[PDB]
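**Student:** My questions will all concern the structure given below.
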Amino acid sequence: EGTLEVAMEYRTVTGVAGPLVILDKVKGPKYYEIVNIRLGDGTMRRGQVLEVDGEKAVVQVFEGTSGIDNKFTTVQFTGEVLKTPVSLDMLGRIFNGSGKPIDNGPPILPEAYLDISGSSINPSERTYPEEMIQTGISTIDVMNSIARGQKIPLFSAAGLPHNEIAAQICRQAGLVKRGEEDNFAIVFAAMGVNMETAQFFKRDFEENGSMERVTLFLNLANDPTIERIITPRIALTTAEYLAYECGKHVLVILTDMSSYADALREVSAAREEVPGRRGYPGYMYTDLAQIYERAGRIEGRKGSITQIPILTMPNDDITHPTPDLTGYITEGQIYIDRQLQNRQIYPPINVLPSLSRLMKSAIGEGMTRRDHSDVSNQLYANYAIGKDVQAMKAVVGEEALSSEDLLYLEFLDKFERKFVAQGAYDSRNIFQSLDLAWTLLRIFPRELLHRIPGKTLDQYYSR
Amino acid sequence: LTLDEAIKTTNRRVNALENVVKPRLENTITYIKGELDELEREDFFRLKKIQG
Amino acid sequence: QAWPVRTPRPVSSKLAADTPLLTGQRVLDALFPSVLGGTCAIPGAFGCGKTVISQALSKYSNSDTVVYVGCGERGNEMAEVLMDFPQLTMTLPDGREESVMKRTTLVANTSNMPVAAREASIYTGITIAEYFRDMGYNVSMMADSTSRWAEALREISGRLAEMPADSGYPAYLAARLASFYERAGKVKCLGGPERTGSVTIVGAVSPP
Amino acid sequence: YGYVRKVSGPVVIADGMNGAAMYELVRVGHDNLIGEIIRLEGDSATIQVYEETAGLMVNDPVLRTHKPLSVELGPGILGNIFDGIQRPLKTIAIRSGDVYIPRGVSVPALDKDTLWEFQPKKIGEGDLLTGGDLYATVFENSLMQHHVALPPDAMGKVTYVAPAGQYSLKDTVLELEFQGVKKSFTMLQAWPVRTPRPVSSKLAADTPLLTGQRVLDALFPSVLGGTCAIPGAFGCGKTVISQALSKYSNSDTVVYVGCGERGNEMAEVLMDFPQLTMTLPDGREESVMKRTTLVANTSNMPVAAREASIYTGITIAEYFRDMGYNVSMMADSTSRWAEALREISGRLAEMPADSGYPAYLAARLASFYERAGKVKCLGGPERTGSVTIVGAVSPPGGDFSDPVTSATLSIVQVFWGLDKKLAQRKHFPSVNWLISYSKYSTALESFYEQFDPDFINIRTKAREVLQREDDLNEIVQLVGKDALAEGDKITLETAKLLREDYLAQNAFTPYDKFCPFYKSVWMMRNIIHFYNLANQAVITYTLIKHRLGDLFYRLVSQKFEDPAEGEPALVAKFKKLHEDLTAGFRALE
């Protein structure tokens, strides 16, 4: 084997500006080589070499440039890109943003060092998601369902209970069961969460007793802004190792993706890169791809990576660059409405903008019922007509609702009342909920229904 | 009859017209400041980089 | 053979297209028709999943050959294409039963693949379709998310510190996009017999 | 050693500073102009100088400090007045005599020649001590005893302990050796503003911030060590709430922090605090200044000092919490701080973000706000303090859409929402019940039920009544009070009584200047229980109104009760009126 070499320690640091540390007289640099910077005080922090030109090197330190002296700090070039020591033993533990074990436990004994930002899967070898998931919440499963390998985020403005919904989904996560070793292992990324939210996550996960199959990658808002960018990379790399290289299906969760967007914006503004819309970097689409575009099923392996991000519209606007690019990349949306929260509904899922682009394959005959697609389409389409009827009633009066419009208004009322609402710990099965969905569709006459054929639901029978 | 007509007009103005205009004002503000102002700084920043 | 990917394939003389593109969709072929040789463009804002129309058109067009060259698109769409095109089928006038995968090629690179390869994707797609046209067929393509090949432009213009024209895109964006789109059209090919193949560019532009 | 080379406005380039460190404060020129290092390109440095740089001379000396922007803590920190960059305004004025702030003042933050009474703990001369150990306490003044904590990042076996007596900060009150080398510590601790103070464990907040106002105490409670937000731009509500916090809040200390506001406004507030006086629960009369510290940086002050004032204040609050005291910070105008940050960013030519603020504005605001919380102390003996921030916001025109407002609402747990409409309608509390909220109620429910298990149910019923108040409002608006049912009329009357009797305070009146939580709880019980007891009887609304007409006047009188009679006497009077109201409600049914 090629003989090893001890990393060269330099002291030629010849410039500091912003978060970027300049070096000179570097002997044979390497792009994206991880360099750990030791200050004169002796404290150490990591960093990446962003731009390599000639014998120079423009390093981006992690813990901040503060305290770096141009004649007393030393930089050591490890000569290798960032690598996360993934291992099967990493399950049931908590790690910092960069991966420091923070559960008062010994560090990870790596089964294999794996580089973050792993290469893409050859789409010829890529396959298609073909199985539903039993998260434990009615409205997500019944309409705009989630497939074992499908990516889909949660759109929810600030202050909404989306964190509680994520915790409930993670604690109640399970297969359809229509096995425990390959059962759902949950990788729970936490980008830029509050300390109270962090303690809540830790306590809730420890309480459900599923610590044996859940990994927390916590990154608080106190941690450096650049260190938040590598947290999703590490989480997804560990998920890739667990799923493809070990077998068990992984249900990747990342909270506050808007925090990741803000971290990207801050890092880009630091280096003065070309800005896209709203001052975000012009390559944000590619970065959000490298984060999201890993969920899927690989042909030769029995693993599967399901992605459930959690975004937050900053101004409660769907047109914001982060949610817009996500919706471009994320293959569907599960939407949460503040207006429904104003009505004191615990799971404020609004179904009008919520669609799963892979639902057309999750449904079928192996699972669910043969009337799933048509019933979902009707409860998706008649809601818009009910909203239009409500608007007409608001702008004209109660007399505007004719013998047909009043039916749509009553449909909307009952749909928002009974169907959407669910218990904080209710595992409402599909058929029991689909019966009430059929009742809601049957509030309207069985002949005015245009899109659905009568025979489709007629195959199913009430009681 | 007159009260019904006036109430219809008032409700239409409150619901449709004002809520139509205000998003238009927000979009116009975003298009100017969010793009033109950002581009102007970026253009000048690139020019200063060229000079340096 | 071999051919530079930016230099268009030579022809005898381009000529007007006068045969409609039977997409099999009511709206596409009834109100807003397209001709076999013309250029289309579908905006399809976020959440619309405009690639469903793309796939339907590729499946059911009268075009002899389809080159789905989706650039920057999600890999699951390519998985769907590779899974369904063989199992899906079409019939020919001879009466036999055959798959559409026998005539469809994908030069697609996903969004997680490196950025700079996207322009190469687009150009290789158009050159392959040009070759199939010079064969004489009524070949067609549809480049999913050509707007991704503007992010590819500006993510390089930024490294070169080129002067930003509009929203960060370089100045030649319109020029290059025209140089790409202007390669469609019915044309009498070079040499006998008198092949009169065409090529269609059903692009997709995703706006922010 | 070190000479300037290029002076382009605020930006300054100084050569011969190879050993300089990033963000290390430095003294520039003979006038001792103070500026922070930004870029260390080459062997040269780059400094932005806070005060005006006009008149600098090339090759004028530059003197390093080997320390980032730091604050000298210790005895005497309370009571005084300090600038943004930790400059004692009072002593500067006394020493210079004149009024203007000299360009290049060098007065130390705390007088190092003044004497304070010192006495050590029972520690021995050869014992072992570590960082955060409380080895002595000092009577800086009466009733504000100051503990002397051994500085963090310092530990070792005890070598010398100063016996009790009169000493000054320049004296070496403590000396100890970890290794063979020995270090001697005085009573002055320096700590950088940017670096937070070391903590042992971030506890869960479990005690409400009793502000003395019923609306904040019961409707929208705030917990010790919890963030708070105020949309304060007019109506003097910010002044009122600040005075309430200074006088009646549970906090053992208050650290007001004013940045970039109107100079005359800061003059008014800094003249108001000395006039403010608070009585002790033991009957003693004190001055709020004896437990108050004030950091005021007006608009005329340098922009960098305006940005650093907030961090200075939060570091002072953390130092106070280091000895387990409950201390409350009050950021006067976070909007002004954000504008100062924007000006600094524009000076640095950083790439603009949303609405012109730099892209790190949200991140820096979150980093600042994350320092609040109930925290276990470092080192023994065991004790626990808290730091709660009640930093206000000034949205432009009241539109809660500016990035400062959005980030603050995203980070702050409890938003109280002062409304100018209530101020126009002559509302002393001015708290809009329709927009305020308290996200910490779920965590505070433990204490809420421990004090009274029915109090939380009463609060939920009051929230439901407030929600139905607007419903009855448009009901009266569209058809009038005639269509209201007897139960609906009773609910509307009870909501109006709650709004005009308990949800509103009288401040200026001696009887309602301070509202104890006991009186608040009894008032809430006497209101909600009466509301229900009248509700289930549905009796004609007009008939009920005539029977309860004396009771409606009595309920206003129950609020009029003074706290002078003591909490039990007021509670018994509220209970007696409630019992009489209940007896009328059941017997007459």
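Labeling convention for the structure tokens: chains A, B, ... as they appear, residues from 1 per chain, ligands from 1 in order of appearance.
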Tell me as a list in words which residues belonging to chain C come within 6 Å of chain A, counting only C-alpha atoms.
**Tutor:**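 Here is what falls inside 6 Å: residues 46, 47, 75, 79, 111, 112 and 158 of chain C.
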**Student:** Tell me as a ChimeraX atom specification which residues belonging to chain B come within 7 Å of chain C, counting only C-alpha atoms.
**Tutor:** /B:35,39,43
**Student:** Taking a cut-off of 6 Å and counting only C-alpha atoms, can you build a table that, for each residue of chain A near chain B, reports the nearest atom pair and how far apart they are in Å (one decimal), sorted by chain then residue number, as JSON lines?
**Tutor:**
{"residue": "A:278", "atom": "CA", "partner": "B:34", "partner_atom": "CA", "distance": 5.8}
{"residue": "A:395", "atom": "CA", "partner": "B:11", "partner_atom": "CA", "distance": 5.4}
{"residue": "A:396", "atom": "CA", "partner": "B:8", "partner_atom": "CA", "distance": 5.7}
**Student:** Output C-alpha atoms for every residue in that selection, as a short mmCIF file (atom, residue, chain, number, x, y, z; two decimals), in the first residue's frame.
**Tutor:**
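Result went into out01.cif, see below:
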data_model
loop_
_atom_site.label_atom_id
_atom_site.label_comp_id
_atom_site.auth_asym_id
_atom_site.auth_seq_id
_atom_site.Cartn_x
_atom_site.Cartn_y
_atom_site.Cartn_z
CA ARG A 278 -34.76 37.55 -2.82
CA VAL A 395 -69.87 39.05 -1.75
CA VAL A 396 -73.62 38.71 -2.42
#
**Student:** Provide the CA of residue 335 in chain A to CA of residue 197 in chain A distance in Å, to one decimal place.
**Tutor:**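 Between these atoms lies a distance of 21.4 Å.
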**Student:** What's the separation between CA of residue 31 in chain A and CA of residue 72 in chain C, in Å to one decimal place?
**Tutor:**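 One can read the CA of residue 31 in chain A to CA of residue 72 in chain C distance as 24.7 Å.
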**Student:** Listing only residues of chain A within 7 Å of chain D, what is the closest atom pair and its distance in Å (to one decimal) for each, using only C-alpha atoms, sorted by chain and residue number ascending, as a tab-separated table?
**Tutor:**
residue	atom	partner	partner_atom	distance
A:14	CA	D:42	CA	5.1
A:15	CA	D:41	CA	4.0
A:16	CA	D:40	CA	5.3
A:17	CA	D:39	CA	4.9
A:65	CA	D:22	CA	6.8
A:66	CA	D:22	CA	5.1
A:67	CA	D:22	CA	5.3
A:68	CA	D:21	CA	5.2
A:69	CA	D:21	CA	4.2
A:70	CA	D:18	CA	5.9
A:71	CA	D:19	CA	5.4
A:72	CA	D:19	CA	7.0
A:158	CA	D:410	CA	6.1
A:221	CA	D:367	CA	6.5
A:222	CA	D:367	CA	5.7
A:265	CA	D:359	CA	6.5
A:266	CA	D:359	CA	5.3
A:269	CA	D:351	CA	5.5
A:272	CA	D:351	CA	6.4
A:278	CA	D:354	CA	6.1
A:279	CA	D:353	CA	5.2
**Student:** Find the residues near residue 28 in chain A: any atom within 10 Å, counting only C-alpha atoms, skip ones fewer than 3 places away on the same chain, and give them as a list in words.
**Tutor:**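 Everything that qualifies: residues 25, 52, 54, 55, 56, 77 and 79 of chain A.
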**Student:** Can I get the selection written as an mmCIF file, in the first residue's frame, with N, CA, C and O atoms?
**Tutor:**
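File written: result.cif
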data_model
loop_
_atom_site.group_PDB
_atom_site.id
_atom_site.type_symbol
_atom_site.label_atom_id
_atom_site.label_comp_id
_atom_site.auth_asym_id
_atom_site.auth_seq_id
_atom_site.Cartn_x
_atom_site.Cartn_y
_atom_site.Cartn_z
ATOM 1 N N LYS A 25 1.661 30.438 -0.179
ATOM 2 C CA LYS A 25 2.759 29.474 -0.229
ATOM 3 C C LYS A 25 2.301 28.071 0.152
ATOM 4 O O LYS A 25 3.042 27.316 0.786
ATOM 5 N N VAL A 52 -9.183 27.502 -4.680
ATOM 6 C CA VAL A 52 -7.767 27.169 -4.756
ATOM 7 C C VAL A 52 -7.237 27.740 -6.062
ATOM 8 O O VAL A 52 -7.646 27.312 -7.147
ATOM 9 N N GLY A 54 -3.509 28.884 -7.904
ATOM 10 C CA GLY A 54 -2.058 28.921 -7.822
ATOM 11 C C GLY A 54 -1.569 28.240 -6.562
ATOM 12 O O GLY A 54 -1.942 27.103 -6.255
ATOM 13 N N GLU A 55 -0.719 28.940 -5.817
ATOM 14 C CA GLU A 55 -0.237 28.465 -4.532
ATOM 15 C C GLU A 55 -1.005 29.061 -3.362
ATOM 16 O O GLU A 55 -0.600 28.870 -2.212
ATOM 17 N N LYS A 56 -2.092 29.777 -3.626
ATOM 18 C CA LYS A 56 -2.916 30.364 -2.583
ATOM 19 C C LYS A 56 -4.039 29.407 -2.188
ATOM 20 O O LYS A 56 -4.221 28.339 -2.775
ATOM 21 N N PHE A 77 -3.504 20.764 6.685
ATOM 22 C CA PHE A 77 -4.218 20.286 5.500
ATOM 23 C C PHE A 77 -4.292 18.765 5.547
ATOM 24 O O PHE A 77 -3.313 18.078 5.253
ATOM 25 N N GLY A 79 -5.813 16.850 3.546
ATOM 26 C CA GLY A 79 -5.734 16.265 2.223
ATOM 27 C C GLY A 79 -6.870 15.337 1.859
ATOM 28 O O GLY A 79 -6.699 14.484 0.984
#
**Student:** Just list as a compact mmCIF listing (two decimals) with N, CA, C and O atoms, in the first residue's frame whatever in range 64-206 of chain C DSSP marks as strand (DSSP E or B).
**Tutor:**
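Result written to result.txt:
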# COMPACT_ATOMS: atom_id res chain seq x y z
N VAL C 66 -38.59 9.90 -30.45
CA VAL C 66 -38.67 10.88 -29.37
C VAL C 66 -37.37 10.82 -28.58
O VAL C 66 -36.89 9.73 -28.25
N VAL C 67 -36.81 11.98 -28.29
CA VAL C 67 -35.58 12.09 -27.50
C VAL C 67 -35.91 12.93 -26.27
O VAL C 67 -35.79 14.15 -26.27
N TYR C 68 -36.31 12.26 -25.19
CA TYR C 68 -36.64 12.96 -23.96
C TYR C 68 -35.35 13.27 -23.22
O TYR C 68 -34.71 12.37 -22.67
N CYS C 71 -33.40 17.92 -18.63
CA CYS C 71 -32.20 18.42 -17.96
C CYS C 71 -32.59 19.08 -16.64
O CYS C 71 -33.48 19.93 -16.61
N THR C 89 -47.15 0.14 -24.59
CA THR C 89 -47.07 -0.33 -25.96
C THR C 89 -47.86 0.57 -26.90
O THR C 89 -48.71 1.36 -26.48
N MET C 90 -47.55 0.43 -28.19
CA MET C 90 -48.25 1.11 -29.27
C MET C 90 -48.35 0.16 -30.46
O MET C 90 -47.60 -0.81 -30.57
N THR C 91 -49.27 0.48 -31.36
CA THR C 91 -49.51 -0.34 -32.54
C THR C 91 -49.15 0.46 -33.79
O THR C 91 -49.28 1.69 -33.81
N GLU C 97 -47.65 -5.57 -32.65
CA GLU C 97 -47.71 -4.96 -31.33
C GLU C 97 -46.30 -4.79 -30.77
O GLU C 97 -45.56 -5.77 -30.66
N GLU C 98 -45.94 -3.55 -30.44
CA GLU C 98 -44.58 -3.21 -30.05
C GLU C 98 -44.58 -2.12 -28.99
O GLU C 98 -45.59 -1.43 -28.77
N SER C 99 -43.44 -1.97 -28.32
CA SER C 99 -43.29 -0.98 -27.27
C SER C 99 -42.78 0.35 -27.82
O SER C 99 -42.19 0.41 -28.90
N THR C 104 -37.29 5.44 -28.15
CA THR C 104 -37.11 6.57 -27.25
C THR C 104 -35.75 6.47 -26.58
O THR C 104 -35.38 5.41 -26.06
N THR C 105 -35.00 7.57 -26.58
CA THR C 105 -33.70 7.63 -25.93
C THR C 105 -33.70 8.78 -24.94
O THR C 105 -34.35 9.81 -25.15
N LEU C 106 -32.99 8.60 -23.83
CA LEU C 106 -32.91 9.59 -22.77
C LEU C 106 -31.46 10.03 -22.61
O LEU C 106 -30.60 9.22 -22.26
N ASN C 109 -29.82 14.05 -17.49
CA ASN C 109 -29.04 14.07 -16.26
C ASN C 109 -29.87 14.74 -15.17
O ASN C 109 -30.50 15.78 -15.41
N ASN C 138 -39.54 11.86 -38.71
CA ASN C 138 -40.16 13.02 -38.08
C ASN C 138 -39.88 13.02 -36.58
O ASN C 138 -40.77 13.01 -35.73
N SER C 140 -38.65 14.03 -32.79
CA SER C 140 -39.03 15.13 -31.92
C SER C 140 -38.35 14.94 -30.58
O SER C 140 -37.85 13.85 -30.27
N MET C 141 -38.32 16.00 -29.78
CA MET C 141 -37.84 15.89 -28.41
C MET C 141 -38.75 16.69 -27.50
O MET C 141 -39.77 17.25 -27.92
N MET C 142 -38.36 16.74 -26.23
CA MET C 142 -38.90 17.71 -25.29
C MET C 142 -37.93 17.81 -24.12
O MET C 142 -37.72 16.84 -23.39
N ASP C 166 -29.26 40.37 -16.61
CA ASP C 166 -30.58 40.47 -16.00
C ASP C 166 -30.81 39.32 -15.04
O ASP C 166 -30.76 38.15 -15.44
N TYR C 169 -28.32 36.37 -14.99
CA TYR C 169 -28.03 35.66 -16.22
C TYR C 169 -27.10 36.50 -17.09
O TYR C 169 -27.23 37.73 -17.14
N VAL C 187 -37.30 19.88 -43.30
CA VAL C 187 -36.18 20.20 -44.17
C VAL C 187 -35.93 19.03 -45.11
O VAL C 187 -35.92 17.87 -44.70
N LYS C 188 -35.73 19.35 -46.39
CA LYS C 188 -35.19 18.38 -47.32
C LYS C 188 -33.73 18.12 -46.97
O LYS C 188 -32.92 19.06 -46.93
N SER C 198 -38.21 16.08 -40.10
CA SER C 198 -38.36 17.28 -39.30
C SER C 198 -37.84 17.01 -37.90
O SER C 198 -37.27 15.95 -37.61
N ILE C 201 -39.12 20.87 -30.98
CA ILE C 201 -38.46 21.24 -29.74
C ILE C 201 -39.56 21.68 -28.78
O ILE C 201 -39.94 22.85 -28.74
N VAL C 202 -40.09 20.74 -28.00
CA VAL C 202 -41.13 21.07 -27.02
C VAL C 202 -40.41 21.34 -25.71
O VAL C 202 -40.30 20.50 -24.82
N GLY C 203 -39.93 22.57 -25.57
CA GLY C 203 -39.22 22.94 -24.38
C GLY C 203 -40.14 23.19 -23.20
O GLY C 203 -41.36 23.29 -23.34
N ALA C 204 -39.54 23.27 -22.02
CA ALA C 204 -40.26 23.59 -20.80
C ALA C 204 -39.44 24.59 -20.01
O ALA C 204 -38.27 24.32 -19.70
**Student:** Go through D:506, D:268, D:478, D:437 one by one, measure the shortest atom-to-atom distance of each to chain B using only C-alpha atoms, and give the residue with the smallest value.
**Tutor:** D:478
**Student:** Write out as a PyMOL selection string all residues of range 339-534 of chain D that DSSP puts in alpha helix (DSSP H) for this structure's backbone.
**Tutor:** chain D and resi 339-348+361-369+403-411+420-424+441-451+453-478+486-497+517-534
